[PDB]
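*Asks:* Quick one: the structure is below, and I'll ask about it shortly.
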There are 2 protein chains.
Amino acid sequence: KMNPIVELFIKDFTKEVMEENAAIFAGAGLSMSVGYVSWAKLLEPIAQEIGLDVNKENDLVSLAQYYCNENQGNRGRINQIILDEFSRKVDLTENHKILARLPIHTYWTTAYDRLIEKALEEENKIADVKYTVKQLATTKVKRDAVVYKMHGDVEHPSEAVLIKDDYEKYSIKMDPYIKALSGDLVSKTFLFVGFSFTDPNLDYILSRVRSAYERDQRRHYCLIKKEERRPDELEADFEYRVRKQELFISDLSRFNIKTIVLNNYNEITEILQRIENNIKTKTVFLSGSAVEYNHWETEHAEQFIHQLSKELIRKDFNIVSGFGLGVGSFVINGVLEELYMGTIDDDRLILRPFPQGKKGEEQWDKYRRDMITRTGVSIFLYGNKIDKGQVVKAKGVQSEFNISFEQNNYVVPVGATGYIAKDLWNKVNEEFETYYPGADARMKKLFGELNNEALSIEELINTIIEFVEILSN
Amino acid sequence: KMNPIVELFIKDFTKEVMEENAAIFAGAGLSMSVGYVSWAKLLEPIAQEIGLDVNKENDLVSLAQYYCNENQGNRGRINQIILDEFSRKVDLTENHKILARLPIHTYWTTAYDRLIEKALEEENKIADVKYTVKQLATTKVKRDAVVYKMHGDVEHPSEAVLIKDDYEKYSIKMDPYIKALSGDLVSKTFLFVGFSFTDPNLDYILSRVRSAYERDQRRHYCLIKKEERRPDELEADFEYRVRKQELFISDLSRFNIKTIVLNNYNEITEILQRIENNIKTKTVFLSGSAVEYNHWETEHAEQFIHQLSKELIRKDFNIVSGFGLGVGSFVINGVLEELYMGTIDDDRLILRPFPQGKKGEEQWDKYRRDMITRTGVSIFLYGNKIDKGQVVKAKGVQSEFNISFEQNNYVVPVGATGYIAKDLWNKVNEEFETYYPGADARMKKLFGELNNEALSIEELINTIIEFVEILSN
Ligand SMILES: O=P1(O)OC[C@H]2O[C@@H](O[C@H]3[C@@H](O)[C@H](n4cnc5c4ncn4ccnc54)O[C@@H]3COP(=O)(O)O1)[C@H](O)[C@@H]2O
Ligand SMILES: O=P1(O)OC[C@H]2O[C@@H](O[C@H]3[C@@H](O)[C@H](n4cnc5c4ncn4ccnc54)O[C@@H]3COP(=O)(O)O1)[C@H](O)[C@@H]2O
């Protein structure tokens with residue numbers, strides 16, 4: 001768990017992303033942990049050429065402009081520097097991979113590198129990268145996300161926004177990008193990551209949006225790390241910097257941009273992981289097959305499964321089922337009862353009955369893996385089939401459990417149902433920290449209660465629902 | 001004399017002002033020597049309220065914005081502060097008076113005080129002050145200059161541009177002022193005095209003009225004082241500041257704004273005085289009356305006066321004559337010969353014959369004073385009339401000389417012509433430093449040669465012309 005402000009932000013932004021109305025605004029700071037050297041370090045020889053010192057200079061745009069002025073406006077050196085630095089092959093950080101995995105269809109970047117593009121490519125996602133006005137007129141077919149590199153690309157250094165002339169001519173040359181960013185800011189919920197909010201173009205666009213929409217501006221989010229006490233600095237200077245950052249944060253709200261203050265930069269990764277987990281765990285994989293329903297009678301167990309599926313649908317969960325013999329019909333009935341109040345939404349219930357025959361069993365493993373990949377939580381019930389006239393614990397449920405563990409999915413074996421479910425519950429309880437690291441007391445209590453045969457249908461269903469909810473929320 | 005760069009700027013800007021195509025852009029720094037306390041000093045309690053320190057802050061606009069943010073956007077305190085400070089009664093500095101005396105019809109000010117307006121009022125000039133969009137639609141009749149207070153007026157503190165919100169909404173609210181300033185920058189030659197070129201609105205306007213006109217931007221001038229070594233600073237920091245200022249100066253050239261580097265702020269007053277002197281001394285008051293032309297014959301002296309007036313007209317001088325008996329006709333003939341090559345331009349020759357009779361002599365003194373006020377250089381020739389049949393040295397020429405001295409006009413008595421002119425030359429040579437303080441060797445030689453009877457017409461005329469030119473140029 002994190003700070004209550006962080007928890008509220010995680011809930012709200014997960015809600016925004018699940019509606020596919022969220023955009024990510026990534027600054028250069030999101031790529032400073034990857035391995036690219038700092039822009040000030042690159043400009044250090046540039047500053048030394050014109051007799052300045054990059055450490056004593058805070059406005060690097062004016063520094064680059066001065067360098068260009070000293071060379072009759074020529075940018076060849078700076079173009080070569082940025083091409084040499086930001087085109088290097090660097091391993092992607094976890095933040096880029098998580099952002100690629102999230103269902104985010106809009107990225108706006110002020111960085112010249114192609115880390116977002118590579119992260120989207122490695123997720124088998126089609127990325128429509130735009131850094132030219134002409135490129136706005138063409139859309140890639142079946143694209144997953146669109147990346148607006150509003151400061152240019154690394155492979156086109158001459159069109160990168162680096163000097164004051166570029167910023168001064170941006171409003172004329174790149175006006176369609178300004179219009180697109182204004183439309184996204186008024187129509188989408190943005191998350192600013194790695195952005196210092198010192199960019200003149202972004203200040204201009206935000207001021208225009210504020211002038212247009214007054215107090216009815218759309219709420220956006222930013223992630224900013226708190227000020228850290230430098231070794232040379234004194235306590236008074238640190239407190240002054242903290243107060244300055246607080247005043248900076250309120251001016252941002254002047255633009256209806258709420259700032260989340262983070263202790264360190266790994267909290268960005270933690271927040272992204274939490275959002276990804278909240279999105280992924282909303283889909284539950286219901287597994288099991290039952291000819292004999294352990295201690296419970298047939299009708300009682302059927303009603304239990306029906307009401308469990310109805311509660312899962314009611315709690316805004318998407319059920320994926322393999323249509324196991326003896327369990328599939330009743331989860332289908334529960335979903336139908338919950339939804340027919342109507343049509344079957346494709347997202348709420350995904351049914352994947354296994355092909356029957358010799359041909360089907362060849363691809364059964366890949367079918368099972370594809371079915372499980374859609375989910376983030378696996379729920380196992382019973383696990384008994386009939387082979388030679390006798391009830392024998394099934395083997396498909398064990399394979400599903402193995403696949404779920406290999407995919408880092410949460411496993412919720414209900415031991416009260418018995419058979420392979422009870423075996424899996426015993427296995428999980430044998431090594432609880434391996435499957436649920438850092439579990440709370442309530443989580444342990446719910447997991448232990450999952451193997452209670454004295455619970456009624458309602459009590460067991462409520463225990464399962466609460467366990468799945470604390471896993472997801 | 002000043003630096004050759006300063007001399008070239010003085011010549012070029014005097015040429016621009018004499019064509020009435022010059023405008024003055026005055027910053028707040030032009031009013032910092034008058035007695036108004038610094039804006040940082042005013043914001044010091046404002047900074048202390050929000051927990052900041054105005055000495056550690058450089059962007060006071062952001063400081064005021066932070067204060068407004070801490071008070072729900074209320075500006076009452078800042079409005080009261082600026083109204084209390086900049087509405088005080090302060091004596092005008094010499095710069096404002098000189099600028100008011102110059103034939104400049106366009107002022108653009110970022111200061112809220114009314115020092116330019118008061119300076120124009122004290123010169124009996126009609127000033128059309130504009131700080132509202134509506135005021136642009138009305139023009140004062142017979143106005144001498146128009147003052148655009150583009151950051152608001154002191155008497156309207158709520159509309160002053162002080163905080164970041166004002167700068168962000170300036171491009172929408174005060175767009176007509178932006179258009180007017182762009183038109184003036186492309187149609188008039190500006191002189192920036194007291195301006196630090198750190199104003200976002202001026203940067204935006206200059207960037208737009210540059211984007212519109214590329215390398216064909218009109219040349220403008222700025223006056224900037226060089227960096228001074230602070231007592232606490234080291235030599236390396238001073239050299240770094242000097243280099244930073246040099247880079248700042250070349251960037252302004254990016255906007256075709258040439259910067260004149262001044263050792264101190266009194267050089268602004270010196271430059272303004274030099275421009276005023278160059279404008280004022282271009283009008284010469286030709287005085288004298290002659291019945292007997294000393295040693296020279298009548299025809300010889302008439303030809304001398306004719307050619308002297310022709311040379312004065314040829315050297316771009318405007319002649320004002322009282323039509324004295326024996327001198328007026330021949331200066332008129334010289335002007336006519338120089339101009340009829342055509343019509344008599346009203347500026348080139350102003351003729352003020354004295355009224356004859358008892359009624360005229362009552363107002364003769366005011367007539368003489370008004371006639372002399374139009375000029376900056378007085379040239380005296382002969383000075384002899386006839387009263388009772390005998391040649392007697394005149395008394396009107398002495399009154400003219402007294403009026404010229406009282407108005408601080410340069411006096412050029414030609415002693416070779418004799419009579420009152422010789423008496424005046426002797427009086428000037430008696431106390432030469434009183435009339436020509438800091439005179440060079442060439443000026444003294446020319447003044448001494450002015451009383452040489454051995455010179456021909458051409459030599460004496462050339463001596464007079466060179467003396468008047470070194471007085472003017
Ligand atoms: O019980 P298990 O070991 O694992 C159970 C899991 O598997 C999947 O459902 C089973 C099974 O109910 C279904 N099935 C239905 N009718 C027959 C049949 N399979 C073989 N038959 C021979 C004659 N009639 C049948 O075929 C799936 C594959 O077979 P297994 O994976 O071996 O089944 C679910 O997702 C369930 O979670
Ligand atoms: O010579 P001065 O002492 O000074 C000379 C200066 O004055 C002005 O011209 C004189 C003078 O030429 C003119 N004037 C012409 N004709 C007569 C006459 N004045 C009296 N008259 C009586 C009978 N007929 C005349 O009347 C101006 C006033 O008379 P004064 O100032 O006394 O003339 C110039 O600017 C000259 O520079």
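Letters for chains follow the order of the structure tokens (A, B, ...), residue numbers begin at 1 for each chain, and ligand numbers begin at 1 in the order shown.
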Counting only C-alpha atoms, which residues from chain A have an atom at most 8 Å from any atom of chain B, and could you show them as a PyMOL selection string?
*Replies:* chain A and resi 51-52+65-66+69+168-169+204+207-208+211+240+243-244+247-248+250-251+254
*Asks:* Neighbours of ligand 2 at 9 Å or closer, counting only C-alpha atoms and all ligand atoms: which residues, as a PDB file with N, CA and C atoms, in the first residue's frame?
*Replies:*
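out36.pdb, freshly written:
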```
ATOM      1  N   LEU B 286      19.722  84.139 -38.472  1.00  0.00           N
ATOM      2  CA  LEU B 286      20.565  85.127 -39.128  1.00  0.00           C
ATOM      3  C   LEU B 286      20.118  86.520 -38.712  1.00  0.00           C
ATOM      4  N   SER B 287      21.014  87.258 -38.065  1.00  0.00           N
ATOM      5  CA  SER B 287      20.704  88.564 -37.512  1.00  0.00           C
ATOM      6  C   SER B 287      21.669  89.605 -38.059  1.00  0.00           C
ATOM      7  N   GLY B 288      21.197  90.838 -38.112  1.00  0.00           N
ATOM      8  CA  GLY B 288      22.050  91.953 -38.475  1.00  0.00           C
ATOM      9  C   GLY B 288      21.304  92.981 -39.297  1.00  0.00           C
ATOM     10  N   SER B 289      21.840  94.195 -39.275  1.00  0.00           N
ATOM     11  CA  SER B 289      21.375  95.311 -40.081  1.00  0.00           C
ATOM     12  C   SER B 289      22.582  96.176 -40.403  1.00  0.00           C
ATOM     13  N   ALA B 290      22.682  96.598 -41.661  1.00  0.00           N
ATOM     14  CA  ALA B 290      23.902  97.254 -42.119  1.00  0.00           C
ATOM     15  C   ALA B 290      23.562  98.331 -43.135  1.00  0.00           C
ATOM     16  N   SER B 321      15.198  84.605 -40.231  1.00  0.00           N
ATOM     17  CA  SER B 321      15.695  85.969 -40.324  1.00  0.00           C
ATOM     18  C   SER B 321      14.608  86.956 -39.923  1.00  0.00           C
ATOM     19  N   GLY B 322      15.025  88.033 -39.267  1.00  0.00           N
ATOM     20  CA  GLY B 322      14.147  89.120 -38.897  1.00  0.00           C
ATOM     21  C   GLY B 322      13.969  90.174 -39.966  1.00  0.00           C
ATOM     22  N   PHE B 323      14.528  89.965 -41.160  1.00  0.00           N
ATOM     23  CA  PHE B 323      14.447  90.923 -42.263  1.00  0.00           C
ATOM     24  C   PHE B 323      14.980  92.291 -41.838  1.00  0.00           C
ATOM     25  N   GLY B 324      16.201  92.293 -41.311  1.00  0.00           N
ATOM     26  CA  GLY B 324      16.836  93.541 -40.941  1.00  0.00           C
ATOM     27  C   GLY B 324      17.154  94.390 -42.158  1.00  0.00           C
ATOM     28  N   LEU B 325      17.197  95.701 -41.941  1.00  0.00           N
ATOM     29  CA  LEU B 325      17.448  96.635 -43.031  1.00  0.00           C
ATOM     30  C   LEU B 325      18.874  96.467 -43.536  1.00  0.00           C
ATOM     31  N   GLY B 326      19.011  96.096 -44.807  1.00  0.00           N
ATOM     32  CA  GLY B 326      20.305  95.925 -45.426  1.00  0.00           C
ATOM     33  C   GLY B 326      20.861  94.517 -45.405  1.00  0.00           C
ATOM     34  N   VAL B 327      20.278  93.609 -44.624  1.00  0.00           N
ATOM     35  CA  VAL B 327      20.760  92.231 -44.584  1.00  0.00           C
ATOM     36  C   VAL B 327      19.668  91.271 -45.043  1.00  0.00           C
ATOM     37  N   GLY B 328      18.408  91.628 -44.788  1.00  0.00           N
ATOM     38  CA  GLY B 328      17.317  90.698 -45.044  1.00  0.00           C
ATOM     39  C   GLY B 328      17.116  90.389 -46.516  1.00  0.00           C
ATOM     40  N   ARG B 352      10.407  86.866 -40.594  1.00  0.00           N
ATOM     41  CA  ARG B 352       9.647  87.559 -39.557  1.00  0.00           C
ATOM     42  C   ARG B 352       9.991  89.043 -39.572  1.00  0.00           C
ATOM     43  N   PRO B 353       9.520  89.785 -40.573  1.00  0.00           N
ATOM     44  CA  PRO B 353       9.742  91.234 -40.573  1.00  0.00           C
ATOM     45  C   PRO B 353       9.066  91.887 -39.377  1.00  0.00           C
ATOM     46  N   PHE B 354       9.746  92.864 -38.792  1.00  0.00           N
ATOM     47  CA  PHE B 354       9.215  93.519 -37.606  1.00  0.00           C
ATOM     48  C   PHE B 354       8.109  94.502 -37.987  1.00  0.00           C
ATOM     49  N   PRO B 355       7.006  94.519 -37.242  1.00  0.00           N
ATOM     50  CA  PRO B 355       5.972  95.530 -37.483  1.00  0.00           C
ATOM     51  C   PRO B 355       6.517  96.934 -37.271  1.00  0.00           C
ATOM     52  N   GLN B 356       6.060  97.857 -38.110  1.00  0.00           N
ATOM     53  CA  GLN B 356       6.523  99.238 -38.091  1.00  0.00           C
ATOM     54  C   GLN B 356       5.442 100.126 -37.493  1.00  0.00           C
ATOM     55  N   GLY B 357       5.823 100.937 -36.513  1.00  0.00           N
ATOM     56  CA  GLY B 357       4.919 101.845 -35.843  1.00  0.00           C
ATOM     57  C   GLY B 357       5.011 101.718 -34.340  1.00  0.00           C
ATOM     58  N   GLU B 361       6.242  98.202 -31.840  1.00  0.00           N
ATOM     59  CA  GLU B 361       7.335  98.240 -30.876  1.00  0.00           C
ATOM     60  C   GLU B 361       6.913  97.769 -29.490  1.00  0.00           C
ATOM     61  N   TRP B 364       7.413  94.136 -29.920  1.00  0.00           N
ATOM     62  CA  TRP B 364       8.679  93.800 -30.570  1.00  0.00           C
ATOM     63  C   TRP B 364       9.504  92.813 -29.748  1.00  0.00           C
ATOM     64  N   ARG B 368      10.595  89.180 -31.041  1.00  0.00           N
ATOM     65  CA  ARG B 368      11.993  88.784 -31.145  1.00  0.00           C
ATOM     66  C   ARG B 368      12.259  87.483 -30.399  1.00  0.00           C
ATOM     67  N   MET B 371      10.765  84.631 -32.356  1.00  0.00           N
ATOM     68  CA  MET B 371      11.572  84.378 -33.544  1.00  0.00           C
ATOM     69  C   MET B 371      12.845  83.615 -33.199  1.00  0.00           C
ATOM     70  N   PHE B 380      25.512  86.589 -36.236  1.00  0.00           N
ATOM     71  CA  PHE B 380      25.392  88.042 -36.220  1.00  0.00           C
ATOM     72  C   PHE B 380      26.315  88.642 -37.269  1.00  0.00           C
ATOM     73  N   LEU B 381      25.782  89.573 -38.057  1.00  0.00           N
ATOM     74  CA  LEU B 381      26.535  90.238 -39.111  1.00  0.00           C
ATOM     75  C   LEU B 381      26.330  91.741 -39.000  1.00  0.00           C
ATOM     76  N   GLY B 383      25.584  95.165 -37.888  1.00  0.00           N
ATOM     77  CA  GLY B 383      24.879  95.676 -36.730  1.00  0.00           C
ATOM     78  C   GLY B 383      24.873  97.190 -36.669  1.00  0.00           C
ATOM     79  N   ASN B 384      24.847  97.835 -37.831  1.00  0.00           N
ATOM     80  CA  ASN B 384      24.891  99.286 -37.933  1.00  0.00           C
ATOM     81  C   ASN B 384      23.641  99.798 -38.639  1.00  0.00           C
ATOM     82  N   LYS B 385      23.044 100.847 -38.080  1.00  0.00           N
ATOM     83  CA  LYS B 385      21.861 101.487 -38.633  1.00  0.00           C
ATOM     84  C   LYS B 385      22.139 102.975 -38.797  1.00  0.00           C
ATOM     85  N   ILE B 386      21.134 103.704 -39.273  1.00  0.00           N
ATOM     86  CA  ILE B 386      21.206 105.153 -39.422  1.00  0.00           C
ATOM     87  C   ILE B 386      20.086 105.764 -38.593  1.00  0.00           C
ATOM     88  N   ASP B 387      20.447 106.681 -37.696  1.00  0.00           N
ATOM     89  CA  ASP B 387      19.491 107.335 -36.813  1.00  0.00           C
ATOM     90  C   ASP B 387      19.313 108.812 -37.128  1.00  0.00           C
ATOM     91  N   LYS B 393      25.979 102.080 -34.310  1.00  0.00           N
ATOM     92  CA  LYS B 393      25.817 100.658 -34.036  1.00  0.00           C
ATOM     93  C   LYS B 393      24.425 100.381 -33.480  1.00  0.00           C
ATOM     94  N   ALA B 394      23.789  99.334 -34.004  1.00  0.00           N
ATOM     95  CA  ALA B 394      22.396  99.053 -33.697  1.00  0.00           C
ATOM     96  C   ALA B 394      22.246  98.520 -32.273  1.00  0.00           C
ATOM     97  N   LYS B 395      21.011  98.572 -31.772  1.00  0.00           N
ATOM     98  CA  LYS B 395      20.682  98.050 -30.455  1.00  0.00           C
ATOM     99  C   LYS B 395      19.803  96.811 -30.496  1.00  0.00           C
ATOM    100  N   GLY B 396      19.103  96.567 -31.605  1.00  0.00           N
ATOM    101  CA  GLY B 396      18.314  95.350 -31.718  1.00  0.00           C
ATOM    102  C   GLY B 396      19.174  94.102 -31.764  1.00  0.00           C
ATOM    103  N   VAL B 397      20.344  94.190 -32.400  1.00  0.00           N
ATOM    104  CA  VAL B 397      21.240  93.041 -32.472  1.00  0.00           C
ATOM    105  C   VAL B 397      21.734  92.657 -31.083  1.00  0.00           C
ATOM    106  N   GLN B 398      21.975  93.648 -30.221  1.00  0.00           N
ATOM    107  CA  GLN B 398      22.376  93.351 -28.849  1.00  0.00           C
ATOM    108  C   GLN B 398      21.269  92.619 -28.099  1.00  0.00           C
ATOM    109  N   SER B 399      20.017  93.044 -28.288  1.00  0.00           N
ATOM    110  CA  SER B 399      18.897  92.349 -27.663  1.00  0.00           C
ATOM    111  C   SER B 399      18.768  90.928 -28.196  1.00  0.00           C
ATOM    112  N   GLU B 400      18.979  90.762 -29.490  1.00  0.00           N
ATOM    113  CA  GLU B 400      18.951  89.444 -30.062  1.00  0.00           C
ATOM    114  C   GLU B 400      20.009  88.588 -29.392  1.00  0.00           C
TER     115      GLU B 400
END
```
*Asks:* Please run DSSP on the backbone and report, as a PyMOL selection string, all residues within segment 48-249 of chain A that come out as strand (DSSP E or B).
*Replies:* chain A and resi 106-109+127-130+145-149+189-193+220-225
*Asks:* Create the file for the chosen residues now, containing N, CA, C and O atoms and written as a short mmCIF file (atom, residue, chain, number, x, y, z; two decimals), in the first residue's frame.
*Replies:*
```
data_model
loop_
_atom_site.label_atom_id
_atom_site.label_comp_id
_atom_site.auth_asym_id
_atom_site.auth_seq_id
_atom_site.Cartn_x
_atom_site.Cartn_y
_atom_site.Cartn_z
N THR A 106 -2.92 7.02 -26.62
CA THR A 106 -2.40 8.33 -26.95
C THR A 106 -1.17 8.62 -26.10
O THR A 106 -1.25 8.61 -24.86
N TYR A 107 -0.05 8.87 -26.76
CA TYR A 107 1.17 9.32 -26.10
C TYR A 107 1.60 10.63 -26.72
O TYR A 107 1.56 10.80 -27.94
N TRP A 108 2.00 11.57 -25.87
CA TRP A 108 2.60 12.83 -26.30
C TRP A 108 3.97 12.94 -25.64
O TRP A 108 4.07 12.92 -24.42
N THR A 109 5.01 13.07 -26.46
CA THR A 109 6.37 13.02 -25.95
C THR A 109 7.13 14.27 -26.37
O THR A 109 7.00 14.75 -27.50
N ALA A 127 2.14 0.95 -33.50
CA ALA A 127 2.31 2.32 -33.05
C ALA A 127 2.37 3.25 -34.25
O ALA A 127 3.14 3.02 -35.19
N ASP A 128 1.55 4.30 -34.23
CA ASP A 128 1.52 5.31 -35.28
C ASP A 128 2.27 6.53 -34.76
O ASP A 128 1.71 7.36 -34.05
N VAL A 129 3.54 6.64 -35.13
CA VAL A 129 4.42 7.68 -34.62
C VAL A 129 4.30 8.90 -35.51
O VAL A 129 4.41 8.80 -36.74
N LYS A 130 4.08 10.06 -34.90
CA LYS A 130 3.87 11.31 -35.63
C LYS A 130 4.81 12.37 -35.08
O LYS A 130 4.76 12.70 -33.89
N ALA A 145 -1.88 2.44 -30.56
CA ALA A 145 -1.63 3.74 -29.95
C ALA A 145 -1.01 4.67 -30.98
O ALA A 145 -0.41 4.22 -31.96
N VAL A 146 -1.16 5.97 -30.75
CA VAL A 146 -0.55 6.99 -31.57
C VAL A 146 0.40 7.79 -30.70
O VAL A 146 0.04 8.23 -29.60
N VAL A 147 1.63 7.97 -31.18
CA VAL A 147 2.68 8.69 -30.46
C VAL A 147 2.95 9.99 -31.20
O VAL A 147 3.37 9.97 -32.37
N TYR A 148 2.71 11.11 -30.53
CA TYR A 148 3.00 12.43 -31.07
C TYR A 148 4.32 12.89 -30.46
O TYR A 148 4.38 13.28 -29.29
N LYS A 149 5.38 12.83 -31.26
CA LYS A 149 6.68 13.37 -30.86
C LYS A 149 6.67 14.84 -31.24
O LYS A 149 7.02 15.22 -32.36
N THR A 189 -7.94 12.44 -20.43
CA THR A 189 -7.33 12.61 -19.11
C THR A 189 -5.85 12.27 -19.21
O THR A 189 -5.48 11.12 -19.44
N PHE A 190 -5.00 13.28 -19.02
CA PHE A 190 -3.57 13.13 -19.20
C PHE A 190 -2.88 12.78 -17.89
O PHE A 190 -3.31 13.17 -16.80
N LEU A 191 -1.79 12.02 -18.01
CA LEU A 191 -0.86 11.77 -16.92
C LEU A 191 0.51 12.24 -17.37
O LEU A 191 1.07 11.70 -18.33
N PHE A 192 1.05 13.24 -16.69
CA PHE A 192 2.36 13.79 -17.01
C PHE A 192 3.42 13.05 -16.21
O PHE A 192 3.43 13.13 -14.97
N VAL A 193 4.31 12.35 -16.90
CA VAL A 193 5.39 11.59 -16.28
C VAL A 193 6.72 12.09 -16.84
O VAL A 193 6.89 12.18 -18.06
N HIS A 220 -6.34 16.76 -14.95
CA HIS A 220 -5.20 15.96 -15.39
C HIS A 220 -4.32 15.65 -14.19
O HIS A 220 -4.47 16.23 -13.11
N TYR A 221 -3.39 14.72 -14.38
CA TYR A 221 -2.50 14.29 -13.31
C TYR A 221 -1.05 14.43 -13.75
O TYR A 221 -0.72 14.26 -14.92
N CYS A 222 -0.20 14.73 -12.78
CA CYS A 222 1.24 14.77 -12.97
C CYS A 222 1.91 14.03 -11.82
O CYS A 222 1.36 13.96 -10.72
N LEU A 223 3.08 13.47 -12.09
CA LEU A 223 3.88 12.79 -11.07
C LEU A 223 5.19 13.55 -10.91
O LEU A 223 5.97 13.64 -11.86
N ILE A 224 5.42 14.11 -9.73
CA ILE A 224 6.60 14.92 -9.46
C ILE A 224 7.28 14.40 -8.20
O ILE A 224 6.61 14.13 -7.20
N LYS A 225 8.60 14.23 -8.26
CA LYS A 225 9.35 13.81 -7.09
C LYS A 225 9.63 14.99 -6.18
O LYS A 225 9.90 16.10 -6.65
#
```
*Asks:* Within 9 Å of segment 36-42 of chain A, counting only C-alpha atoms, which residues show up once you throw out same-chain ones fewer than 4 positions away? Write them as a list in words, please.
*Replies:*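 The residues satisfying every condition are residues 31, 32, 46, 54, 55, 57, 58, 60, 78, 81, 82, 85, 86, 88 and 90 of chain A.
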*Asks:* Write out, as a PDB file, in the first residue's frame, the residues just selected, with C-alpha atoms.
*Replies:*
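Writing done, so here's part_23.pdb:
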```
ATOM      1  CA  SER A  31      14.155   8.482 -20.458  1.00  0.00           C
ATOM      2  CA  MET A  32      16.866   9.736 -18.081  1.00  0.00           C
ATOM      3  CA  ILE A  46      28.762  23.508 -26.501  1.00  0.00           C
ATOM      4  CA  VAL A  54      26.625  24.532 -18.555  1.00  0.00           C
ATOM      5  CA  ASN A  55      26.609  23.947 -14.789  1.00  0.00           C
ATOM      6  CA  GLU A  57      23.284  27.774 -16.853  1.00  0.00           C
ATOM      7  CA  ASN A  58      19.738  26.711 -16.194  1.00  0.00           C
ATOM      8  CA  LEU A  60      19.723  25.320 -21.924  1.00  0.00           C
ATOM      9  CA  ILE A  78      23.896  20.135 -32.106  1.00  0.00           C
ATOM     10  CA  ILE A  81      25.271  15.553 -30.869  1.00  0.00           C
ATOM     11  CA  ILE A  82      21.604  14.624 -30.476  1.00  0.00           C
ATOM     12  CA  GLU A  85      23.375  10.377 -28.189  1.00  0.00           C
ATOM     13  CA  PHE A  86      19.667   9.611 -28.466  1.00  0.00           C
ATOM     14  CA  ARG A  88      22.007   4.608 -29.222  1.00  0.00           C
ATOM     15  CA  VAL A  90      19.571   1.026 -24.795  1.00  0.00           C
TER      16      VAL A  90
END
```
*Asks:* In Å, rounded to a single decimal, give me how far atom CA of residue 121 of chain A is from atom CA of residue 97 of chain A.
*Replies:*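 Answer for the atom CA of residue 97 of chain A to atom CA of residue 121 of chain A separation: 10.0 Å.
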*Asks:* Could you give me the residues within segment 57-217 of chain A that DSSP places in helix (DSSP H, G or I), as an NGL selection string?
*Replies:* :A and (60-69 or 76-86 or 94-101 or 115-122 or 134-137 or 157-159 or 164-173 or 175-187 or 200-216)
*Asks:* Please provide the set of residues having any atom within 12 Å of residue 372 of chain A, restricted to only C-alpha atoms, with same-chain residues fewer than 4 positions apart removed, written as an mmCIF file with C-alpha atoms, in the first residue's frame.
*Replies:*
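Resulting contents of selection.cif:
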```
data_model
loop_
_atom_site.group_PDB
_atom_site.id
_atom_site.type_symbol
_atom_site.label_atom_id
_atom_site.label_comp_id
_atom_site.auth_asym_id
_atom_site.auth_seq_id
_atom_site.Cartn_x
_atom_site.Cartn_y
_atom_site.Cartn_z
ATOM 1 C CA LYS A 280 -5.410 -7.025 -15.370
ATOM 2 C CA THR A 281 -7.053 -8.576 -12.296
ATOM 3 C CA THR A 283 -10.694 -10.444 -15.586
ATOM 4 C CA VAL A 284 -11.101 -13.700 -13.647
ATOM 5 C CA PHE A 285 -10.442 -17.151 -15.121
ATOM 6 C CA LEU A 286 -13.061 -19.549 -13.762
ATOM 7 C CA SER A 287 -11.732 -23.106 -13.923
ATOM 8 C CA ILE A 319 -15.382 -13.995 -16.502
ATOM 9 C CA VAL A 320 -13.351 -16.224 -18.825
ATOM 10 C CA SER A 321 -14.356 -19.888 -18.668
ATOM 11 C CA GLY A 322 -13.204 -23.009 -20.486
ATOM 12 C CA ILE A 350 -15.622 -15.052 -22.864
ATOM 13 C CA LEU A 351 -16.466 -18.712 -23.479
ATOM 14 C CA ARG A 352 -13.763 -21.037 -24.835
ATOM 15 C CA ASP A 365 -2.205 -26.557 -24.678
ATOM 16 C CA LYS A 366 -1.949 -23.403 -26.795
ATOM 17 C CA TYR A 367 -5.722 -22.951 -26.503
ATOM 18 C CA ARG A 368 -5.465 -23.128 -22.707
ATOM 19 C CA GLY A 376 -5.168 -11.927 -14.193
ATOM 20 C CA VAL A 377 -6.971 -13.913 -11.488
ATOM 21 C CA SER A 378 -7.592 -17.670 -11.600
ATOM 22 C CA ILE A 379 -10.356 -19.278 -9.524
ATOM 23 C CA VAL A 397 -7.071 -28.006 -13.819
ATOM 24 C CA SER A 399 -2.241 -27.516 -16.163
ATOM 25 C CA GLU A 400 -4.368 -24.391 -15.845
ATOM 26 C CA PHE A 401 -2.893 -23.715 -12.411
ATOM 27 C CA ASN A 402 0.623 -24.159 -13.801
ATOM 28 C CA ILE A 403 -0.096 -21.783 -16.695
ATOM 29 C CA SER A 404 -1.624 -19.237 -14.308
ATOM 30 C CA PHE A 405 1.463 -19.352 -12.087
ATOM 31 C CA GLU A 406 3.785 -19.056 -15.100
ATOM 32 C CA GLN A 407 1.885 -15.912 -16.156
ATOM 33 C CA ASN A 408 2.123 -14.430 -12.623
ATOM 34 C CA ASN A 409 -1.660 -14.592 -12.271
ATOM 35 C CA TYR A 410 -3.248 -14.652 -8.834
ATOM 36 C CA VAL A 411 -4.524 -18.134 -7.956
#
```
